[PDB]
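Novice: Submitted below is the structure of interest, expressed as structure tokens.
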Amino acid sequence: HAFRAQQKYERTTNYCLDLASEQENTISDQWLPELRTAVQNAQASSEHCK
Amino acid sequence: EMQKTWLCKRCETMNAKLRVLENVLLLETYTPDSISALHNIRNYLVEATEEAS
Amino acid sequence: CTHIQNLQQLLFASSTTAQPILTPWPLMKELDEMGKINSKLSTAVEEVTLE
Amino acid sequence: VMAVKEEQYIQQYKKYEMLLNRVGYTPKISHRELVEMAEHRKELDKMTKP
């Protein structure tokens, strides 16, 4: 029943909570090159400073 | 999943679109006066200022 | 035991700040401002062509 | 809406070599002297202001 609490519904809560990061946890390292796509926008703010 | 790709395919456009138009007005603020800098290639009688000084 | 407390505050931060933050915390400006020009001002792009 | 209106969105790249706007002083280098000739006439006109 605890596993039923887990499998039937808490795994779904993990699908609600854990899975909400499963599509971004491996990409958290991709954020570093994604920063280069985003900091390149940050320097676009710096370009119009002058 | 696809926002790191397509919601971020404009990560490499907002960097560009914002930047490219920045270096536009400065040149355009001198074209109406640029005639005297270009119509007076031999007529740079700014020298005549000191010939009339 | 671990999840239920985790599901509420920490994995909550690892969920509510995961799909709109973990990858996209710098892509919110690539989410909303992207919709400001290419989705909200999208109809306003035709304005230059129309006039 | 993005079938054809992306044209102005994709035209932002061909104008990347526009960073050359620092040459704006180059006419200001000259034409200000050229209008200084005009500025001299009002300073010529200052002959009579006393």
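Convention: chains lettered A, B, ... in structure tokens order; per-chain residue numbering from 1; ligands numbered from 1 as shown.
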Please determine the contact residues of chain D with respect to chain C at a cut-off of 8 Å, counting only C-alpha atoms, and supply them as a PyMOL selection string.

Specialist: chain D and resi 1-2+5+8

Novice: Tell me the residues of chain B close to chain A, meaning within 6 Å using only C-alpha atoms, as a list in words.

Specialist: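 So the contacting residues turn out to be residues 11, 12, 15, 19 and 22 of chain B.
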
Novice: Would you mind listing, as a VMD selection string, all residues of chain B that have at least one atom within 7 Å of chain D, where only C-alpha atoms are what counts?

Specialist: chain B and resid 16 to 17 20 23 to 24 26 to 27 30 33 to 34 36 to 37 46 49

Novice: Give the answer as one residue: which of A:32, A:1, A:26, A:21 has the shortest atom-to-atom distance to chain C, using only C-alpha atoms?

Specialist: A:21

Novice: Please provide as a PyMOL selection string all residues within 12 Å of residue 25 in chain A, with the sequence filter that same-chain residues fewer than 5 positions apart are discarded (counting only C-alpha atoms).

Specialist: (chain A and resi 18-20+30-31) or (chain B and resi 1) or (chain C and resi 14-15+17-19+21-24)

Novice: Using only C-alpha atoms, pick whichever of A:28, A:17, A:7, A:33 has the shortest atom-to-atom distance to residue 9 in chain C.

Specialist: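 Nearest candidate to residue 9 in chain C out of A:28, A:17, A:7, A:33: A:17.
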
Novice: Distance CA of residue 3 in chain B-CA of residue 40 in chain C, one decimal place?

Specialist: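 CA of residue 3 in chain B sits 17.9 Å away from CA of residue 40 in chain C.
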
Novice: For the structure I just gave you, how does DSSP split chain D - specifically, which residues are helix (DSSP H, G or I)? Reply as a ChimeraX atom specification.

Specialist: /D:6-10,16-45

Novice: So how far away is CA of residue 47 in chain B from CA of residue 49 in chain D, in Å?

Specialist: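 Between CA of residue 49 in chain D and CA of residue 47 in chain B the gap is 25.3 Å.
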
Novice: Which residues are close to residue 14 in chain A, i.e. within 9 Å by only C-alpha atoms, leaving aside same-chain residues fewer than 6 positions away? Reply as a ChimeraX atom specification.

Specialist: /A:20 /C:3,7,11

Novice: Using only C-alpha atoms, pick whichever of C:6, C:33, C:16, C:1 has the shortest atom-to-atom distance to chain B.

Specialist: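 Ranked by minimum distance to chain B, first place goes to C:33.
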
Novice: Looking at B:52, B:25, B:41, B:14, which one is nearest to chain C, with distances taken over only C-alpha atoms?

Specialist: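 That would be B:14, the residue with the smallest distance to chain C.
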
Novice: With 7 Å as the limit and counting only C-alpha atoms, what residues in chain B lie close to chain C? Please list them as a CSV table (one decimal) with N, CA and C atoms, in the first residue's frame.

Specialist:
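Full text of selection-v7.csv as output:
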```
chain,number,residue,atom,x,y,z
B,4,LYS,N,14.5,25.4,-25.1
B,4,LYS,CA,15.9,25.5,-25.2
B,4,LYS,C,16.4,25.5,-26.6
B,7,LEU,N,12.4,28.3,-28.5
B,7,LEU,CA,12.2,29.6,-27.7
B,7,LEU,C,13.6,30.2,-27.4
B,8,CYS,N,14.7,29.5,-27.8
B,8,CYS,CA,16.0,30.0,-27.7
B,8,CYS,C,16.7,30.1,-29.0
B,10,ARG,N,15.8,32.3,-30.8
B,10,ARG,CA,15.9,33.8,-30.8
B,10,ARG,C,16.8,34.3,-29.7
B,11,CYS,N,17.5,33.4,-29.0
B,11,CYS,CA,18.6,33.8,-28.1
B,11,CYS,C,19.7,34.4,-29.0
```
